[PDB]
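The primary structure of each chain is shown beneath.
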Amino acid sequence: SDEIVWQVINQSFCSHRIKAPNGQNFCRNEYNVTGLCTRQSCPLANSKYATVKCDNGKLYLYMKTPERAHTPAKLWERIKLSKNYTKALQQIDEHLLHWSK
Amino acid sequence: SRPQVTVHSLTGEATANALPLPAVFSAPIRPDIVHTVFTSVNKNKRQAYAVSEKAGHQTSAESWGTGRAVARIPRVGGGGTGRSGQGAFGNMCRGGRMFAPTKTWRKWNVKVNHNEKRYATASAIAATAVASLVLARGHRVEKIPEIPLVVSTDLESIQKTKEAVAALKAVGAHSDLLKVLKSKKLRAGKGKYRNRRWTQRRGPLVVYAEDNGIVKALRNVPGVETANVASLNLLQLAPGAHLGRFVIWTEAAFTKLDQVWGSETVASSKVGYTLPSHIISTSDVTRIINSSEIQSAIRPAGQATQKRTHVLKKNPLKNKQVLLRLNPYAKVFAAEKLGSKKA
Amino acid sequence: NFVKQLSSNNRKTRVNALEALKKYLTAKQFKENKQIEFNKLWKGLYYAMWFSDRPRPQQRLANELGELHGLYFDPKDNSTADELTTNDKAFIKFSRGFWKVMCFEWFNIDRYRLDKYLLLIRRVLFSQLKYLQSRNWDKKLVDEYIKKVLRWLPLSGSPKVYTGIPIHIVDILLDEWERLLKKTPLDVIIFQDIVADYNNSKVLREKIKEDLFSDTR
Amino acid sequence: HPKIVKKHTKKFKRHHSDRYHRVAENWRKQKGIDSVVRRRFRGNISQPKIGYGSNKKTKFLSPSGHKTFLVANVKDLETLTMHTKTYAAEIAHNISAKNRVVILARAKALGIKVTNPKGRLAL
Amino acid sequence: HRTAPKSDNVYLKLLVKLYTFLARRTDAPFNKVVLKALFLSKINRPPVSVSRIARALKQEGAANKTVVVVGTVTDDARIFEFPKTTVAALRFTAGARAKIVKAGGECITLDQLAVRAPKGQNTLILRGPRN
Amino acid sequence: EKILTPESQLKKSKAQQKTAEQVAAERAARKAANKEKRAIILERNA
RNA sequence: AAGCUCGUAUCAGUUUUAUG
RNA sequence: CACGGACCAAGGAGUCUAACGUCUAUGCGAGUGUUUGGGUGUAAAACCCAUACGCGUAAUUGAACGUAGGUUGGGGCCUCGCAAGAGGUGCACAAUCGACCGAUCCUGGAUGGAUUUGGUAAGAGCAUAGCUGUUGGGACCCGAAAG
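- In terms of determination method and resolution, the entry is listed under cryo-EM at 3.3 Å.

- The name given to chain B in the PDB entry is 60S ribosomal protein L4-A, with Saccharomyces cerevisiae as the source organism.
- According to its PDB record, this entry is titled "Nog1-TAP associated immature ribosomal particles from S. cerevisiae after rpL34 expression shut down, population A".
- According to the UniProt record, the Sequence similarities comment for chain B is "Belongs to the universal ribosomal protein uL4 family."

- Chain A has the name Protein MAK16 in the PDB entry, where Saccharomyces cerevisiae is given as its organism.

### Some thoughts on the interface of chain F and chain B
Then step 1. Each partner contributes to the interface: chain F provides six residues, whereas chain B provides six residues.
Then step 2. Summed over both partners, the interface of chain F with chain B comes to about 560 Å²; 62% of that surface belongs to carbon and sulfur atoms.
Then step 3. By the criterion of area lost to chain B, the three top residues of chain F are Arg 38, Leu 42 and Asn 45 of chain F, representing 70% of everything that side buries.
Then step 4. The tally of links between chain F and chain B comes to zero salt bridges.
Then step 5. For the pair chain F and chain B, the number of links is three residue pairs in polar contact.
Then step 6. Looking at the side of chain F that touches chain B residue by residue, the class counts come to three nonpolar, one polar and two charged.

### Describing the sheet that holds strand β1 (residues 48–49) of chain E
Sheets are built from strands that pair by backbone hydrogen bonding, the pairs being arranged parallel or antiparallel.
Then step 1. Taken in spatial order, the three strands line up as β1-β3-β5 (chain E) in an open sheet, and their pairing is parallel. Where the open sheet ends on each side, the last strands, each with one partner, are β1 and β5 (91–92) of chain E.

### Topic: the pairing of strand β1 (residues 67–71) of chain D
Residue and element names in this part refer to chain D.
Then step 1. Side-chain alternation along β1 places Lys 67, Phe 69 and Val 71 on a buried face and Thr 68 and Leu 70 on a face that remains uncovered.
Then step 2. Judged from the five bridges that link them, β1 and strand β2 (residues 87–91) form a sheet pairing that is parallel. Bridge pairing in β2 links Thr 68 to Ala 88.

### Observations concerning the packing of helix α6 (residues 88–104) of chain C against helix α8 (residues 139–150) of chain C
All names here are of chain C.
Then step 1. Running from N to C, α6 and α8 point in directions that differ by 25°, and their axes come no closer than 10 Å. The orientation of α6 relative to α8 falls into the category roughly parallel. Seen along the crossing, α6 lies across α8 with a hand that is right-handed. Touching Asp 88, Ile 92, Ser 95, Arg 96 and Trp 99 of α6 are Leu 141, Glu 144, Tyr 145, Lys 148 and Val 149, all from α8.
Then step 2. For the contact of α6 with α8, the per-class residue count stands at five nonpolar, one polar and four charged.

### Here's the deal with the protein's contact with RNA strand H
Then step 1. Taken together, 82 residues lie near RNA strand H, and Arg 30 of chain B together with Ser 7, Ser 49, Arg 55 and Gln 59 of chain E sit nearest.
Then step 2. What you see for RNA strand H is that sugar and phosphate hold 73% of its atoms within 4 Å of the protein.
Then step 3. One of the backbone N or O atoms of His 21 of chain D is found 3.4 Å from a phosphate oxygen in RNA strand H.
Then step 4. Contacts to RNA strand H include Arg 91 of chain E, whose side-chain N or O atom sits 3.5 Å from a phosphate oxygen.
Then step 5. Mapped onto the surface near RNA strand H, the elements with two or more residues apiece are α1 (31–42), α2 (114–127) and β9 (225–228) of chain B together with α2 (29–38), α3 (50–56), β3 (72–74) and β7 (124–126) of chain E.
Then step 6. Here the surface near RNA strand H gets six residues from one element, more than from any other, and that element is α2 of chain B.
Then step 7. Considering only residue class, the surface near RNA strand H consists of 29 nonpolar, 27 polar and 26 charged.

### Focus: the pattern of salt bridges
Pairing between side chains of opposite charge can happen when the charged atoms of each approach one another.
Then step 1. Counting across every chain of the model gives 34 salt bridges over all chains.
Then step 2. For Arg 106 of chain D, the salt bridge identified is with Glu 78 of chain D, shortest N-O distance 2.6 Å. Taken as a pair, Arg 106 of chain D in helix α2 (residues 97–110) and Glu 78 of chain D in the loop between α1 (74–77) and β2 lie far apart in primary sequence, 28 residues in all.
Then step 3. You can call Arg 106 of chain D partly exposed: its relative accessible area is 34%.
Then step 4. Overall, the relative accessible area of 29% leaves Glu 78 of chain D in the partly exposed class.
Then step 5. The salt bridge involving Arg 116 of chain E is made with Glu 106 of chain E; its shortest N-O contact spans 3.4 Å. In this pair, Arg 116 of chain E is assigned in helix α5 (residues 110–116) and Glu 106 of chain E in strand β6 (residues 106–108), connecting sequence segments 10 residues apart.
Then step 6. Taken together, the shared-partner salt bridges in this structure form one network comprising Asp 171, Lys 207 and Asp 211 of chain C together with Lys 11 and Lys 18 of chain F.

### Details of unusual backbone geometry
Residue and element names in this part refer to chain B.
Then step 1. A cis amide bond links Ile 147 with the next residue in sequence, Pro 148, at an omega value of 0°.
Then step 2. One non-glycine residue, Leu 181, lies in the positive phi region at around 75°.
Then step 3. With respect to the element layout, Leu 181 can be found in the loop between α4 (161–179) and β6 (185–186).
Then step 4. Using a relative accessible area of 59% as the deciding quantity, one classes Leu 181 as exposed.
Then step 5. Even without being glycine, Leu 232 reaches a positive phi, approximately 45°.
Then step 6. For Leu 232, the position within the fold is in the loop between β9 and α6 (234–237).

### Concerning the side chain of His 66 of chain D
Residues and elements named next belong to chain D.
Then step 1. Mapped onto the elements of the fold, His 66 is located in the segment before β1.
Then step 2. A distance of 3.2 Å separates a polar side-chain atom of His 66 from the backbone oxygen of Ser 64.
Then step 3. If sequence neighbours within four positions are ignored, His 66 has contacts with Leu 61, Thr 84, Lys 85, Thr 86, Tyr 87, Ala 88 and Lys 113.

The rules behind each value
- Residues numbered from 1 in each chain as written, not as in the entry; some residues may be left out.
- Chains lettered and ligands numbered in written order.
- Part of a larger assembly, values for the part shown.
- Heavy atoms only, no water.
- UniProt positions renumbered as here; feature names shortened; annotations may be inferred.
- Contact = heavy atoms within 4.5 Å.
- Buried area = accessible area lost by both parts, 1.4 Å probe.
- Salt bridge = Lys/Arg side-chain N within 4 Å of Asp/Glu carboxyl O.
- Polar contact = N/O pair within 3.5 Å; in protein donor to acceptor, adjacent residues only side chain to side chain.
- Nonpolar A, V, L, I, M, F, W, Y, C, P; charged D, E, K, R; others polar.
- Pairing = 2+ DSSP bridges.
- Helix = DSSP H or I, 4+ residues; strand = E, 2+ residues; numbered from the N terminus.
- Buried < 20%, exposed > 50% of the residue type's maximum accessible area, 1.4 Å probe, protein only.
- Axes fitted to C-alpha atoms, helices over the stretch in contact; angles between N-to-C directions.
- Parallel < 35°, antiparallel > 145°, perpendicular 65-115°, else oblique.
- Left-handed = near helix turned anticlockwise from the far one by under 90°.
- Near = heavy atom within 4 Å.

Spelled out as structure tokens, the structure:
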């Protein structure tokens with residue numbers, strides 16, 4: 001589960017972790033909002049996750065749910081972010097309704 | 001009963017055929033046990049090495065004792081050659097007898113309990129069922145249609161590598177095969193010239209129930225390894241003591257896994273073996289803590305951070321504002337000054 | 001079996017399973033059999049619900065799963081002083097199977113999927129006490145339902161059943177009963193017996209005393 | 001940010017590191033009981049101790065106020081997008097000039113400060 | 001005072017993490033005792049035989065008082081009439097598990113017991129002999 | 001349809017509201033007690 | 001260093017009174 | 001005082017093994033130890049075990065009449081209560097007194113028992129990994145009159 005996965009990636013050599021000289025464990029995974037490999041931030045340790053990624057000029061809101069854990073080929077869904085900043089923020093808030101702050 | 005995993009054809013299409021969860025992936029995951037067992041086992045394939053016993057002894061030297069104002073280390077006799085007068089038999093001497101020579105009877109293999117070995121193998125097998133754990137292992141399984149990956153038994157019948165590699169690419173293993181053959185880097189250190197010249201990352205693991213040619217077809221493609229359900233080598237399932245290898249199973253092998261490792265109906269198929277019992281019912285502690293029953297008998301919590309109080313000591317007798325707080329009578333005191341009262 | 005399609009990984013197969021079940025369940029004469037089949041069917045429905053983790057679609061599945069109870073022996077008969085013969089006993093088996101499946105597979109629910117099952121149980125409870133006869137009011141039906149429900153969820157004497165489900169029932173009973181729109185058999189308030197039954201879970205007793213008995217209703 | 005108070009800027013040097021060439025400058029504690037340095041007699045070289053500990057709020061921060069973070073390629077550089085103010089990208093000495101220009105371009109695009117820009121480059 | 005578990009088992013670490021929160025937020029000493037015992041070494045956690053549980057179940061009202069063991073439960077052929085009761089322990093041996101289940105009882109993990117009895121009501125903790 | 005709030009979130013909000021409804025009254029009680037204590041301290045100091 | 005109980009009435013390179 | 005130090009690059013020393021132990025960790029558990037071997041094998045790799053064997057599972061002949069023990073404390077749990085506290089129930093552990101069955105030491109091959117006696121009491125053990133202690137092997141390294 002998430003707890004077992006979390007503890008294994010934390011104390012059992014997560015492959016994508018980077019150790020900075022200051023002592024902060026980074027995370028170069030493309031699907032993470034933050035580049036820090038802490039709890040509730042690494043996508044592998046949390047079933048529910050949300051992040052923003054772009055391939056073309058368009059920005060996309062990437063999120064995953066337990067409905068697709070069994071099928072990694074369809075793990076992450078995306079929606080056009082309505083690159084108008086004011087509209088984009090409200091769209092993100094509506095999409096993440098009831099999600100963790 | 002248990003959930004079911006769809007069987008995928010050699011072209012990537014998910015066949016209607018489905019098999020129940022073998023109940024082996026539900027076994028406890030113990031990284032410590034797996035690491036210890038892997039460390040113990042990896043020393044089994046160790047060839048003994050030792051320094052020649054006759055080395056250093058092939059020298060005639062005796063200590064001069066005293067009176068010559070030189071070190072008492074024994075020195076080779078004779079003369080003319082030049083080696084005469086040089087230290088011998090000393091670990092600190094050039095060309096001497098090294099201290100603590102490595103003997104051939106040093107321990108090389110580590111005894112491991114059979115039950116612990118089976119526990120480690122079961123934990124390694126179970127770890128493969130978690131995509132996140134497999135992703136943390138470095139395998140490019142981001143595009144696999146399903147996990148654990150189940151394929152039709154006809155894969156075992158492939159005789160040509162050209163067809164096996166195409167099937168692996170179609171099913172989704174193309175990313176892992178590309179990762180292999182790319183990380184091939186020349187050995188770092190003195191291993192360059194000890195037959196350990198090249199190294200590469202591990203590729204996908206193929207599990208089969210019967211051998212018909214797949215083992216030979218897949219041996220040539222780098223990174224890909226083939227193993228039988230009966231064996232299920234731990235060194236291959238969790239290379240480097242790290243759990244979560246990308247493993248491809250055949251539906252026939254998926255069914256045979258229940259017999260090989262046992263289930264709730266077939267006990268073990270092994271004499272006296274039984275899957276370890278979990279000591280925790282719910283894997284994640286958050287559900288237990290966040291459960292309604294526990295939360296209903298839990299006192300309220302703070303703001304997650306203690307608010308600093310009295311961060312700086314205000315000194316009375318000055319800063320009248322703080323003085324009034326300590327003693328409200330100070331206002332009445334100052335009303336008449338309370339100090340120049342006339343008798 | 002039918003459960004195989006309900007627990008399939010393909011959405012099309014899962015939806016077709018429910019579409020066919022909508023008639024397989026209204027085939028009462030076929031389903032008037034042992035409760036083990038009903039338990040297996042509800043276990044399959046448990047996995048079917050488990051396979052959806054999207055807010056709006058999970059509500060769509062939950063509403064139809066709750067309405068399945070009403071679909072079972074739709075009160076078109078209008079049983080004028082007729083007992084549970086071949087009509088209500090079968091639905092009692094389905095209700096028992098639902099609760100057995102929910103209790104057995106409670107801890108297996110992950111943190112994020114807990115809300116889905118809370119919504120599902122809320123919908124099923126709404127369909128219950130709505131469908132005993134054409135409406136709630138029925139002496140024999142209420143007595144049979146109470147005896148076949150009091151002994152499983154709210155017993156509070158057997159620790160085998162987690163007290164979280166009783167807590168949710170306490171929290172949603174009054175909220176859902178008012179949804180039926182003034183007088184009802186609500187004999188159903190079981191809670192007094194739980195309070196009187198000493199040695200029971202103190203947490204459950206406190207919760208029922210606070211949230212339930214404190215209401216003006 | 002909080003002031004970067006360096007408790008001991010002078011590099012610690014081993015006793016007699018300059019009197020004899022066979023003694024490396026790397027600090028090593030004197031083991032002899034009669035050693036004056038071990039007894040920290042007045043006028044001797046300062047001995048490292050727990051007192052000189054730098055504060056956490058400013059530890060590892062360069063004078064520019066950005067923490068150093070070794071970067072090997074564009075993938076590593078992209079990880080500092082959310083920590084540009086607190087972290088700065090430092091190119092490794094083994095990076096060929098061919099990739100250095102590409103790394104610098106990405107750093108400029110993301111606004112990540114570079115500790116050692118233009119290394120091995122010519123204009 | 002021992003404050004951390006030396007065992008490398010992640011499951012035991014999770015149990016300790018849960019029990020620390022339970023003890024700190026409940027105030028019931030029952031959780032504190034179990035949390036402290038969780039740190040006991042293997043030599044300090046002798047197994048509790050099923051015979052010991054059966055003979056301790058003769059206590060008044062023990063039928064409804066679930067027995068709790070912090071160590072491991074081992075079977076005992078010296079008895080054949082194990083009372084029908086629920087036993088909670090970290091690990092249950094095959095023989096002990098069969099005897100408990102065959103007698104109409106149940107076996108649960110420590111987390112299940114904590115969920116059932118967050119305040120430890122009607123609990124009974126048994127400790128194996130050291131002599 | 002209107003996306004219903006999570007049941008766990010609803011329970012959390014209800015518990016928070018129930019605790020706040022008592023904390024607010026406790027704040028006023030503490031203020032009154034502090035006023036009375038200040039008056040008593042003033043008279044005692046006099 | 002590790003285990004039990006107890007945080008309690010357990011003690012004191014301290015002082016004084018009573019038993020010389 | 002003295003012992004060594006003209007300087008520098010490299011080299012240089014509590015390492016390995018067998019037995020007996022404490023502690024810690026893992027697996028099983030009244031059972032435990034696959035690997036002396038056999039089967040198998042992508043081959044010193046990897047995976048299984050038929051029969052024996054070491055340990056413990058019980059002995060002053062034999063221990064259920066009873067928590068395979070009354071009482072008193074005793075982590076803990078329950079009722080009373082807003083608290084203080086009262087009552088009920090008690091693991092391990094400690095005091096007291098207890099049951100069978102044998103030796104003192106009487107009694108005359110027993111019999112009844114003098115007063116302490118050592119078991120059952122209620123299994124708690126077997127396998128592997130780590131630091132660590134003693135002994136013998138060159139034994140932290142260098143070195144002496146000899147045969």
